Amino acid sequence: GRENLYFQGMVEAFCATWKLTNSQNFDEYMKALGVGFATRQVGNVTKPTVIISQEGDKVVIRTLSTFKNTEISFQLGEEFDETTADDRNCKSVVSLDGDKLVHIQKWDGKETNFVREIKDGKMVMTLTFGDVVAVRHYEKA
């Protein structure tokens, strides 16, 4: 009933081609993660395209850039293995929390999370590691 209407309407809102339009404190966020000088210099100029789609029962997230191209495929709320763009081998869970799509990565006893939300048609991504928070805005292409 309302459960399937919530899950279908939420996933539908996020499924699009998203272009990065704005970044805030992403450099600090990469520094808190332990991303070195070399990669950070690339990461601060790289303009990603994020494609979110439904491929069967799975939700797919493709991050396309001149640095590295990543692709993750998952069932909502079911843990999966993920090798990140900065070569961290995580145990990750992508889930729904109200109007938010929450991505939690765990590796080496550490934890980082990315919260994606739709705000006035834009996708706002909040990246958190400890006290360090970054905000990235995306628009539909």
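Just count from 1 along the sequence shown to find any residue number. We call the rigid core whatever largest set of C-alpha positions still superposes within 1.5 Å between the two forms.
Query raised in the report: Do the Cα atoms of 37-45 stray more than those of 101-109 in 7 other deposited structures of this protein, or is it the other way round, with the core held fixed?
Result: Looking at 37-45 versus 101-109 in 7 other deposited structures of this protein, the farther one turns out to be 37-45.
**Report entry** Of 121-129 and 8-16, the one with larger mean CA B-factor
**Finding:** It is 8-16.
Report task. Determine, for stretches 105-113 and 23-31, which one has the higher mean CA B-factor as deposited. Result -> According to the entry, 105-113 carries the higher average C-alpha B-factor.
Query raised in the report: Comparing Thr63 with the other modelled residues of its chain, is its CA B-factor in the lowest, middle or highest third?
Result: Lowest third of the chain for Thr63's C-alpha B-factor.
Query raised in the report: By its CA B factor, does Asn44 count among the lowest, middle or highest third of the modelled residues in the chain?
Result: Answer is lowest: the recorded C-alpha B-factor places it there.
**Report entry** B-factor third for the C-alpha atom of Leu96 within its chain
**Finding:** Its C-alpha B-factor, which the entry lists for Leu96, ranks in the highest third among residues of this chain.
**Report entry** Chain-wide C-alpha B factor ranking for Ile51, given as lowest, middle or highest third
**Finding:** For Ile51, the deposited C-alpha B-factor lands in the lowest third.
Query - For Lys140, the third of its chain into which the C-alpha B factor falls - result: Tercile = middle for this residue's CA B-factor.
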